[PDB]
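Presented below is the structure to which this report refers.
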Amino acid sequence: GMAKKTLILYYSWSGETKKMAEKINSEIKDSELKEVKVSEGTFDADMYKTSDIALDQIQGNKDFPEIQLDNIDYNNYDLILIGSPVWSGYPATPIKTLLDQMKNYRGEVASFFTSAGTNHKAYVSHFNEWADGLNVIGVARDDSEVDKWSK
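What the sequence shown shows, in this note's numbering, is residues 5 to 155, in sequence order.
Written as structure tokens, this is what we have:
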């Protein structure tokens with residue numbers, strides 16, 4: 005009866021997800037604070053040009069973005085938080101490629117995002133379809149549900 009841990013695995017876009025990470029890691033127990041990144045030139049910062057790319061990873065037109073990480077045994081984490089950016093409608097499929105590695109583990113796995121308040125229902129459907137697998141205890145944005153997810 006000692007088998008519980010808490011990890012955070014996030015993707016910092018360009019200066020949003022960051023404030024949110026270092027917040028939450030200090031409102032939880034003695035957890036850890038980890039970062040993902042993707043391939044370079046997977047996207048741009050546009051409205052139109054980028055939505056084509058993120059749709060190229062949905063319809064089945066293209067493959068999915070690689071990650072630049074090292075391999076971790078997630079099996080010893082009872083809780084895993086995830087932080088992700090929000091493009092104009094849907095994410096950049098960041099968590100997609102990681103989930104394909106971690107699909108067989110258990111724990112509680114909340115996957116929140118940073119946004120300009122927007123597409124707050126689209127992101128949830130898009131996460132669901134691209135994450136039917138691990139046990140999610142909730143899907144919200146920013147820190148405004150942290151206090152339930154790490155109890």
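Cβ coordinates follow ideal geometry from the N, Cα and C atoms, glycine included.
- [ ] Provide the residue span of the beta strand (DSSP E) that contains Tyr14, from first to last.
- [x] 10-14
Open item on the list: I'd like the span of the beta strand (DSSP E) that includes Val113, first residue to last.
Closed with: 112-117 is the extent of the beta strand (DSSP E) around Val113.
Open item on the list: Would the segment 71-87 count as touching the segment 111-128 if we require 3 or more Cβ pairs under 8 Å?
Closed with: Yes, since at least three Cβ pairs between the segment 71-87 and the segment 111-128 fall closer than 8 Å, the two stretches touch.
Open item on the list: Tell me the DSSP secondary structure of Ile32 in three-state form.
Closed with: coil
Open item on the list: Here's the rule: buried if 16 or more other CB atoms are within 10 angstroms of the residue's CB, otherwise exposed. What is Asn29?
Closed with: buried
- [ ] With a floor of 4 residues, list each alpha helix (DSSP H) that falls wholly inside the segment 53-125, ordered by position along the chain.
- [x] 98-106
Open item on the list: Applying the 10 Å Cβ sphere with the 16-neighbour rule, what's the burial state of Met6?
Closed with: exposed
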